[PDB]
Amino acid sequence: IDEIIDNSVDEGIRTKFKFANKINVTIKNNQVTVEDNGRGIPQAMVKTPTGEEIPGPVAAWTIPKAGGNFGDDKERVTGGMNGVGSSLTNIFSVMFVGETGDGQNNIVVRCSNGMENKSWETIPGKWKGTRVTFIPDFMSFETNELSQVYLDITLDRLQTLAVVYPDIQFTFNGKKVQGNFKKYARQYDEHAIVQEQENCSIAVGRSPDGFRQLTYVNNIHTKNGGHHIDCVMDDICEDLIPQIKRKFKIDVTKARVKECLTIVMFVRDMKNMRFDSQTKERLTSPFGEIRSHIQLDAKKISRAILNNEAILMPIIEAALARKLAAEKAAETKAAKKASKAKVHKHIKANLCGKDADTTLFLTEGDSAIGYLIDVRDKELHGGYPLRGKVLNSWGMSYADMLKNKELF
Amino acid sequence: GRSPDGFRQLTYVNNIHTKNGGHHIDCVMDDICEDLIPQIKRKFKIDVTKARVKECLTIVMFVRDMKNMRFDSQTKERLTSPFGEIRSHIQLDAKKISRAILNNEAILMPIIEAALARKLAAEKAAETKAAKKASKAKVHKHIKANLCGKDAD
Amino acid sequence: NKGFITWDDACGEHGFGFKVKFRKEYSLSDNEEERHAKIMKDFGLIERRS
Ligand SMILES: Nc1ncnc2c1ncn2[C@@H]1O[C@H](COP(=O)(O)OP(=O)(O)NP(=O)(O)O)[C@@H](O)[C@H]1O
């Protein structure tokens with residue numbers, strides 16, 4: 001589905017937001033109807049190296065290595081580099097119909113039985129757009145029907161791409177979606193710091209159970225990212241990690257610094273994009289072109305998440321959980337200082353240990369032990385005072401009776 | 001091995017090294033951790049997360065002669081083989097590795113010592129105290145006349 | 001704490017002297033039947049013993 005969706009988006013972006021601005025998506029019960037009001041593929045003749053004369057939309061939809069995206073890399077803003085995409089969509093579909101009106105004619109291509117049947121026809125009409133309605137091949141994929149988790153994926157992707165491009169209005173099954181970076185940042189975390197430019201929009205949030213990201217190069221969901229997030233995160237961290245080192249004198253490592261963020265980065269209007277696969281999941285463009293194109297102030301993001309203790313102080317308290325927790329002193333602010341085993345206050349008789357009829361007086365204060373020293377028998381009667389006020393006895397653990405001084 | 005200062009790894013798919021990773025290594029940490037993490041939790045009563053114990057180790061694995069290996073990279077740095085073929089061919093019994101790294105104390109002991117500060121820690125109680133560091137308290141325990149601020153005597 | 005009304009401490013020599021300032025969300029009733037009944041239901045002037 002994403003091939004036809006990005007074909008409609010590329011038709012939108014090749015005319016600078018003036019056609020294909022209304023893309024309607026309808027995927028219910030194994031049938032997909034996706035339309036836009038673009039120019040579409042025109043009626044102009046595109047030649048084949050074999051010599052046969054095949055018209056425009058049918059060569060775009062059935063034969064691979066065909067497209068208008070094979071131009072110069074210094075001018076192209078679209079993400080397409082293959083020519084094989086709508087053929088890849090059409091090959092794995094058991095039913096397909098596709099209409100492209102160019103303002104003078106409709107070109108309708110019907111395909112079936114896995115490129116055993118394909119037929120293009122030209123109808124007179126006044127339409128100007130593209131609509132693809134296909135029922136996919138379930139004998140090739142490991143499925144039989146369509147489930148709602150894919151529709152949740154499609155709805156969230158349309159939400160995301162509407163946040164990327166607000167000029168193009170997308171409707172999923174007749175339901176409109178608006179796109180704002182603030183609501184998309186605040187669906188993520190309530191304290192996600194936003195930073196927007198004329199070509200960039202980056203929000204920084206939190207990732208408590210690992211690391212999270214969702215970055216976009218132009219109109220492709222780069223789930224593996226690319227060189228752009230590497231350069232931007234190096235530019236943020238090269239101001240952030242010395243700032244937290246000046247802040248709380250903890251040299252947090254770069255993985256440990258960047259491991260507690262979720263990043264919402266949407267980049268628009270870039271040139272000379274390079275991805276290393278037909279999967280297109282990660283950018284292998286050189287960093288000089290990306291650094292020349294990006295004019296995002298990453299130091300603004302560094303100062304805007306440095307003062308934000310909703311993100312940074314979890315990293316610093318995890319550092320406290322591994323370094324200040326290692327800074328062990330083990331007190332409770334009761335009296336502090338040295339943890340003495342036995343204090344010097346002690347009265348010991350000579351029968352300290354043997355079996356006799358001796359006694360110990362647990363009397364109160366130095367007065368009563370002064371009178372007791374002036375009174376007692378040295379062999380028979382002992383004594384010990386108490387240092388002061390003792391609290392409730394059974395509110396405290398047996399190791400905390402061991403922590404108490406006079407009880408020890 | 002051991003890794004006290006970040007994440008390190010070593011993977012070879014047949015003759016080809018992936019310095020970035022793959023999907024057989026996710027199966028290797030999955031089959032190791034599913035036998036390891038409940039055993040450590042029953043051993044020392046600690047709950048350390050999978051990333052926090054994943055960043056503390058290095059794993060060096062050598063894999064030889066497996067079929068239909070798949071690479072999305074021109075440097076072949078990510079094994080994009082399916083989990084069915086990986087779990088079918090890799091017959092590495094990870095419970096013996098889990099009980100072998102359970103018997104090695106060279107990794108878990110300083111982390112458990114750090115955990116011992118909180119987990120299975122001796123109680124202290126006594127006078128905890130509190131630094132509330134005063135308050136404003138303007139309207140509480142004071143007399144307010146109606147000329148509070150005006151020019152008067 | 002409902003926000004209905006506020007008070008200030010100006011207690012005099014004989015009896016009490018507390019000054020009560022009305023806010024805007026309340027009944028603010030009239031006719032001197034229901035406002036007085038709302039006062040003795042709210043300020044608790046009527047007290048019963050045994
Ligand atoms: N529905 C369509 N709308 C517009 N252009 C289309 C459509 N179907 C096919 N095309 C054209 O044919 C190509 C489709 O094959 P595809 O592999 O997507 O080529 P690409 O866009 O050059 N590469 P990529 O998008 O990275 O896969 C596009 O480049 C378009 O020029």
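Asker: Please clarify how the overall build of chain A should be interpreted in this entry.
Answerer: Each helix and strand counted, chain A has 12 helices and 15 strands in total. For 408 residues, the compact-globule estimate of 2.2 N^0.38 gives 22 Å, and chain A exceeds it by more than 25% at 37 Å. Here the C-alpha coordinates of chain A stretch approximately 125 × 45 × 35 Å along the principal axes. Expressed as a percentage of the 408 residues in chain A, the buried residues total 41%. When contacts within chain A are restricted to residue pairs at least 6 apart in sequence, those whose partners lie at least 24 apart make up 62%. Total accessible area on chain A stands at roughly 23,200 Å², and carbon and sulfur atoms take up 54% of it. In chain A, the 57 positive side-chain charges and the 52 negative ones have mean positions that sit 6 Å from each other.

Asker: Can you help me understand empty space enclosed by the protein in this one?
Answerer: One water molecule sets the probe size; rolling that probe over the atoms shows where empty space is left. Overall, the coordinates contain six cavities of 30 Å³ or more when judged by the stated rule. The wall of the largest cavity is formed by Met270(A), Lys271(A), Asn272(A), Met273(A), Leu283(A), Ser285(A), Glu289(A), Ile290(A) and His293(A).

Asker: Teacher, can you tell me more about the sheet that holds strand 9 (residues 169-172) of chain A here?
Answerer: Residue and element names in this part refer to chain A. With respect to topology, eight strands assemble into an open sheet ordered 7-6-5-8-2-1-9-10, the strand pairing being mixed. In this open sheet, the two edge strands, each paired with only one partner strand, are strand 7 (117-124) and strand 10 (175-176). Note: strand 5 (residues 93-102) against strand 8 (residues 128-136), nine bridges, orientation antiparallel. Directly across from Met 95, in strand 8, lies its bridge partner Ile 135.

Asker: Mind showing me how you'd approach the pairing of strand 13 (residues 212-217) of chain A here?
Answerer: The side chains of a regular strand alternate between both faces of the sheet. All names here are of chain A. For strand 13 and strand 15 (residues 262-267), the ladder comprises six bridges, and the chain directions are parallel. Residue pairing for strand 15: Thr 215 is matched across the bridge by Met 265. Note: strand 13 against strand 14 (residues 220-222), three bridges, orientation antiparallel. Paired with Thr 215 across the bridge in strand 14 is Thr 222. The loop that links strand 13 with its antiparallel partner strand 14 comprises two residues; one of these, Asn 218, has a positive phi angle of about 55 degrees.

Asker: What's the story with the site of the ligand in this structure? I'm lost.
Answerer: Residues and elements named next belong to chain A. In the vicinity of the ligand lie 20 residues, with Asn 82, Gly 83, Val 84, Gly 85 and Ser 86 positioned nearest. At a separation of 2.6 Å, an oxygen atom of the ligand approaches a polar backbone atom of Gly 83. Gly 85 places a polar main-chain atom, nitrogen or oxygen, 2.6 Å from an oxygen atom of the ligand. Burial of the ligand by the surrounding chains reaches 92%, relative to a free accessible area of 580 Å². Looking at the shell around the ligand, the elements that each hand over two or more residues are helix 1 (2-13), helix 2 (56-61) and helix 3 (85-91). Classifying every residue of the shell around the ligand by side-chain character gives six nonpolar, 12 polar and two charged.

Asker: Would you take a moment to explain the pattern of salt bridges for this structure?
Answerer: Pairing is possible between side chains that carry opposite charge, provided their charged atoms lie close to one another. Here the structure, examined in full by the defined rule, presents 18 salt bridges over all chains. Put simply, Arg282(A) and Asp276(A) hold a salt bridge, and the shortest N to O gap is 2.8 Å. For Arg282(A), a relative accessible area of 11% puts it in the buried group. The partly exposed category is assigned to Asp276(A), whose relative accessible area is 22%. Across the pair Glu127(B) and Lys129(B) runs a salt bridge whose closest N-O atoms are separated by 2.7 Å. A residue is classified by how much of its surface remains accessible, and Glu127(B), at 44% relative accessible area, is partly exposed. Exposure remark for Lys129(B): the relative accessible area of 47% places this residue in the partly exposed category.

Asker: Looking at this structure, how should I read helix 1 of chain A?
Answerer: Side chains that are three or four residues apart share a direction in an α-helix, a result of its 3.6 residues per turn. Taking 1.5 Å per residue, 12 residues should reach 16 Å; helix 1 of chain A reaches 16 Å between its end C-alpha atoms and fits that length. Of all 12 residues in helix 1 of chain A, nine are buried, a share of seventy percent or more.

Asker: What's the story with the state of the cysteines in this structure? I'm lost.
Answerer: As used in these notes, a disulfide is a covalent bond between sulfur atoms, one from each of two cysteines. Going through the model one piece at a time under the given rule, you end up with zero disulfides over all chains. Residue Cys231(A) stays outside any disulfide, its sulfur separated by 11 Å from that of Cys237(A), the closest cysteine.

Asker: In this structure, what is going on with the side chain of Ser93(A)? I would like to understand it.
Answerer: All names here are of chain A. Its place among the elements puts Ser 93 in strand 5. Its relative accessible area of 2% is what places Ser 93 among the buried residues. Not counting the four nearest positions on each side in its chain, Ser 93 is found in contact with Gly 114, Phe 134, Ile 135, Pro 136 and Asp 137.

Asker: How do you make sense of a positive patch on the surface when you look at a structure like this?
Answerer: Residue and element names in this part refer to chain A. A contiguous patch of positive charge on the surface is contributed by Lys 340, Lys 342, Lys 345, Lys 348, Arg 387 and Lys 405. You can see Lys 405 is positioned in the segment after helix 12 (398-403). On the accessibility criterion, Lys 405 (31% relative accessible area) is partly exposed.

Asker: Just to check I follow, could you spell out the interface of chain B and chain A for this structure?
Answerer: Taken together, the 17 residues of chain B in the interface contact 19 residues of chain A. When the two sides are added together, the surface that chain B and chain A hide from each other amounts to roughly 1,500 Å², 42% of it contributed by carbon and sulfur. When residues of chain B are sorted by the area they lose upon contact with chain A, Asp72(B), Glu123(B) and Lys124(B) head the list and together hold 36% of the total. For the pair chain B and chain A, the interface holds three salt bridges. Ionic pairing is found between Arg52(B) and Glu259(A), a salt bridge with its closest N-O pair at 3.0 Å. Summed over the shared surface of chain B and chain A, the result is 13 residue pairs in polar contact.

Calculation rules
Residues numbered from 1 in each chain as written, not as in the entry; some residues may be left out. Chains lettered and ligands numbered in written order. Part of a larger assembly, values for the part shown. Heavy atoms only, no water. Helix = DSSP H or I, 4+ residues; strand = E, 2+ residues; numbered from the N terminus. Rg over C-alpha atoms; globule rule 2.2 N^0.38 Å. Buried < 20%, exposed > 50% of the residue type's maximum accessible area, 1.4 Å probe, protein only. Contact = heavy atoms within 4.5 Å. Areas by Shrake-Rupley, 256 points an atom, 1.4 Å probe, with all protein chains shown as cover. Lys, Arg positive; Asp, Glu negative; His and termini not counted. Charge placed at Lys NZ, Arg CZ, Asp CG, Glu CD. 1 Å grid on protein atoms, 1.4 Å probe; cavity = no way out; pocket = protein on both sides within 12 Å on 5 of 7 lines; lining within 4 Å. Points joined across faces, edges and corners; volume = space filled by probe spheres on them. Pairing = 2+ DSSP bridges. Near = heavy atom within 4 Å. Polar contact = N/O pair within 3.5 Å; in protein donor to acceptor, adjacent residues only side chain to side chain. Nonpolar A, V, L, I, M, F, W, Y, C, P; charged D, E, K, R; others polar. Salt bridge = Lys/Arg side-chain N within 4 Å of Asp/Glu carboxyl O. Expected span 1.5 Å × (residues − 1). Disulfide = S-S within 2.5 Å. Patch = residues over 30% accessible without salt bridge, like charges linked within 9 Å, V, L, I, M, F, W, Y side chains within 5 Å. Buried area = accessible area lost by both parts, 1.4 Å probe.

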